[PDB]
Amino acid sequence: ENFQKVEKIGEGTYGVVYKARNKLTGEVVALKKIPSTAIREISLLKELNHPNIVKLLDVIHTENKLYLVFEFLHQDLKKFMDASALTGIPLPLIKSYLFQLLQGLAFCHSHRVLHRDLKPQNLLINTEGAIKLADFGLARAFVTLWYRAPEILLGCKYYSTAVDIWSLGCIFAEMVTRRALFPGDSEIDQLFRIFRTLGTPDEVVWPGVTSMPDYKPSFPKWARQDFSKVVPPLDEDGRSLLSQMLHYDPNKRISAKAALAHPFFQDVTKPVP
Ligand SMILES: c1ccc2[nH]c(-n3ccnc3)nc2c1
């Protein structure tokens with residue numbers, strides 16, 4: 001009633017998102033039409049503000065529906081990558097975006113909040129050269145496997161903030177190469193695409209891996225490929241960072257804060273797109 005619905009923007013996992021105009025304020029919002037527990041969890045997230053997190057303005061539980069009102073941004077990184085496919089994204093911009101996303105995650109993580117589901121369609125950009133995480137924390141409260149960390153794929157229930165670093169590493173490589181890193185069409189094909197590139201994990205590189213719920217002794221045993229073949233022509237700093245983001249063991253995987261001190265971001269700027 002309070003919002004004139006402008007355009008179906010899309011259709012996430014959680015229901016319809018419309019661009020809509022508040023009538024009592026005139027403001028344009030993204031309006032997402034979606035349990036007592038889910039609504040509390042969602043409301044906690046109104047308190048989670050950072051310039052690289054898309055703002056959740058409101059949560060309206062009414063006529064027993066859930067409406068989430070978010071700040072609106074005109075573009076998403078997926079759509080930006082598709083239109084830069086023949087020229088690519090320049091590296092200072094890739095480097096700026098990665099840095100901002102990492103700031104975003106480091107904030108959220110320091111508050112024990114995870115995203116759990118990062119992907120290019122969740123990363124929104126403005127004309128100012130800001131990139132922001134959208135749908136953050138919505139997974140806990142209430143489809144692409146390509147960004148999914150191996151601990152999740154191997155059936156871990158109690159996964160950590162490292163799952164978001166894994167996802168961001170995947171998106172980073174994709175920005176650079178203009179092709180998804182691990183484009184799996186099932187859970188097992190997803191795991192096996194990761195294994196063909198990074199090697200089948202064992203107790204050497206990942207202590208405890210063999211006792212994970214969906215780990216099978218019968219997994220084919222691939223060797224690790226060189227990262228220079230995976231993300232050419234990213235430089236040595238970039239490759240060093242990327243490999244730390246894609247460590248198998250979630251405990252050895254670089255944290256968002258430690259990644260902000262990496263020499264890849266020595267010379268980081270904020271270019272406009
Ligand atoms: C807030 C939340 C989700 C949103 N999704 C978009 N979007 C997707 C494609 N073009 C724009 N803007 C949003 C703003």
Side-chain angles (χ1 to χ4, degrees), residues 12-13 77-78 81-82 85 88-89 94 98 101-102 105 114-123 135 139-140 143-234 236 238-256 259:
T13 41
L77 181 70
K78 174 78 197 316
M81 290 182 322
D82 286 335
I89 296 163
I94 287 166
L98 186 63
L101 291 173
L102 286 169
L105 291 187
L114 283 68
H115 190 292
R116 299 187 172 192
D117 192 13
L118 281 171
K119 62 201 159 226
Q121 306 97 283
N122 288 337
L123 304 179
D135 291 334
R140 290 188 308 281
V143 180
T144 205
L145 300 169
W146 295 359
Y147 309 98
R148 201 129 297 174
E151 62 262 43
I152 296 175
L153 297 171
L154 291 177
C156 192
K157 306 178 165 185
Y158 306 93
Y159 49 78
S160 67
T161 55
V163 305
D164 291 340
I165 283 65
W166 177 281
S167 309
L168 197 53
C170 291
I171 293 179
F172 173 29
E174 189 172 352
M175 292 210 275
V176 169
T177 70
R178 294 120 75 170
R179 185 178 65 78
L181 186 59
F182 301 127
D185 59 30
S186 69
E187 289 198 81
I188 193 71
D189 192 58
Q190 187 66 39
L191 56 85
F192 288 176
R193 297 172 101 100
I194 297 171
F195 298 176
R196 289 167 224 166
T197 313
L198 300 176
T200 311
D202 53 16
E203 291 292 327
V204 162
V205 312
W206 195 348
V209 71
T210 60
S211 298
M212 281 175 77
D214 304 348
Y215 174 84
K216 315 281 174 157
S218 55
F219 287 151
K221 294 165 188 178
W222 294 274
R224 179 169 184 176
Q225 297 298 120
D226 314 318
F227 292 142
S228 50
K229 200 210 187 201
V230 181
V231 294
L234 191 62
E236 213 90 56
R239 277 190 269 115
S240 165
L241 179 64
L242 181 68
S243 62
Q244 296 178 95
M245 296 181 78
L246 302 186
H247 277 141
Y248 271 122
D249 184 338
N251 301 103
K252 298 181 194 104
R253 217 177 284 157
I254 203 161
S255 64

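Side chains are part of it too, since the values below use all heavy atoms of this structure and drop only hydrogens, waters and symmetry mates. Counting from 1, the numbers follow the sequence of the chain as shown.
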Return the minimal non-hydrogen interatomic distance between [X] and [Y], and the atom names on each side.
| X | Y | answer |
| --- | --- | --- |
| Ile94 | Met175 | CD1-O, 3.7 Å |
| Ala259 | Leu241 | CB-CD1, 3.9 Å |
| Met245 | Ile165 | CE-O, 3.6 Å |

Please, which pairs that meet side-chain hydrogen bond (donor to acceptor under 3.5 Å, both in side chains) have at least one residue in residues 166-184, sequence neighbours excluded? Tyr147-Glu174
Going by the rule salt bridge (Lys or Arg N to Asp or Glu O under 4.0 Å), which residues pair with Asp135 if we only count those two or more places apart in sequence or in a different chain? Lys32
Salt bridge (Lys or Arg N to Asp or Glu O under 4.0 Å) against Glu236, all qualifying residues, sequence neighbours excluded: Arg239
Return the set of residues passing ring-ring contact (aromatic ring centres under 6.0 Å, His included) with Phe182 (not counting sequence neighbours), or none when no residue passes. none
Suppose we screen for ring-ring contact (aromatic ring centres under 6.0 Å, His included). Which residues come up paired with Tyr215, at least two apart in sequence or across chains? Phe219
So does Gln121 have more than 12 non-hydrogen atoms from other groups sitting under 6.0 Å from CD? yes
Less than 4.5 Å apart, any side-chain heavy atom of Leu246 and any of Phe227? no
Between OG1 of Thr144 and CG of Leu118, what distance do you get to the nearest 0.5 Å? 12.0 Å
Please identify which of these residues, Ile152, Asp117, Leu168, meets the side-chain contact (heavy atoms from CB on, under 4.5 Å) condition with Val163. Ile152
Answer yes or no: is there a donor N or O on one side and an acceptor on the other, between the side chain of [X] and the main chain of [Y], under 3.5 Å?
| X | Y | value |
| --- | --- | --- |
| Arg116 | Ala139 | no |
| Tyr248 | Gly199 | yes |
| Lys119 | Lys78 | no |

Test side chain to side chain contact (heavy atoms under 4.5 Å, CB included) applied to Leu153 and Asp214, step by step: CA-CA 8 Å; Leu153 297 171; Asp214 304 348; over 6 Å; no
Enumerate the residue pairs fulfilling salt bridge (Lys or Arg N to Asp or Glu O under 4.0 Å) with a member in residues 193-208, sequence neighbours excluded, ordered by first and then second residue. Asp189-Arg193, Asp189-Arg196
Given the rule in the side chain to side chain contact (heavy atoms under 4.5 Å, CB included) test, do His247 and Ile254 qualify, once you have shown the distances and angles that lead to the verdict? CA-CA 8 Å; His247 277 141; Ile254 203 161; over 6 Å; no
On the 0 to 90° scale, with breaks at 30° and 60°, tag the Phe195-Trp222 ring pair as parallel, tilted or perpendicular. tilted
Side chain to side chain contact (heavy atoms under 4.5 Å, CB included) between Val205 and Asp249, worked out: CA-CA 7 Å; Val205 312; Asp249 184 338; over 6 Å; no
